[PDB]
Enquirer: 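Submitted below is the structure of interest, expressed as structure tokens.
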Amino acid sequence: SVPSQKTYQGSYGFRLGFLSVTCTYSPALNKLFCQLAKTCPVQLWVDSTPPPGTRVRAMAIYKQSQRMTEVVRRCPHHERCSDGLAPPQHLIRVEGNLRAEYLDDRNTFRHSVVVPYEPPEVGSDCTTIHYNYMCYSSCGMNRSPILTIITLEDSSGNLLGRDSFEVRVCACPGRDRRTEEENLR
Ligand SMILES: [Zn+2]
């Protein structure tokens, strides 16, 4: 099957916000450009605070319809390049969170990383999670565009909110964003 990518703010008004160049986001393209394994700050914005026990899941899928049913995973080379937490096959790793869970779906084999939802920190109206992408789009992905889907869920896995963004992991993010944005125009 294919995970839904439909935007859903839900009851809590959930949506994402974003911040040489290691990571840069294009609102026009709803696309994040980042370097391999570097810190990617993704902000969680809500209108009302979800309950304790709420969880935040990140999962990658292929954007192109002809490859949507495929599981996004690291190429063989990058499975060997680690924190000893993220399974080597996982594309998305969370940095700086002691409670990251790395999961593999029983039936779909899709990977995801989950962390507990935390209310915004002082000096901020949002919660920031630091993600790292462990394989280049050109590797595996082999130049195919991927989407990262972030879902806000309750403790039993029920959907509370969903948002998503395209991602390109590349050596020169700033330059590639510029290229794709200029092309858009
Ligand atoms: Zn790779």
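Both backbone and side-chain heavy atoms feed into the values below; hydrogens, waters and symmetry mates do not. Index from 1, following the sequence. Both counts, for ligands and for their atoms, begin at 1 and track the order of listing.
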Enquirer: Measure the acute angle between the ring planes of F18 and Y25, then classify it against the limits of 30° and 60° as parallel, tilted or perpendicular.
Expert: parallel

Enquirer: Could you pull out the atom name of the N/O/S atom in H78 that is nearest the Zn ion (ligand 1)?
Expert: ND1

Enquirer: State whether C135 contributes an N/O/S atom found under 2.8 Å from the Zn ion (ligand 1).
Expert: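 Yes, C135 qualifies, because one of its backbone or side-chain N, O or S atoms lies under 2.8 Å.
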
Enquirer: Give, rounded to 10 degrees, the angle between SG (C75) and SG (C139) as seen from the Zn ion (ligand 1).
Expert: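 About 110° at the Zn ion (ligand 1).
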
Enquirer: Can you find a pair of side-chain heavy atoms, one from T24 and one from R177, that are under 4.5 Å apart?
Expert: yes

Enquirer: With the 4.5 Å side-chain cut-off for hydrophobic clustering, are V94 and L16 part of the same group?
Expert: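 They do share one cluster, since a chain of ILVMFWY contacts under 4.5 Å joins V94 to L16.
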
Enquirer: To the nearest 0.5 Å, what is the distance between CG (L44) and OH (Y12)?
Expert: 15.0 Å

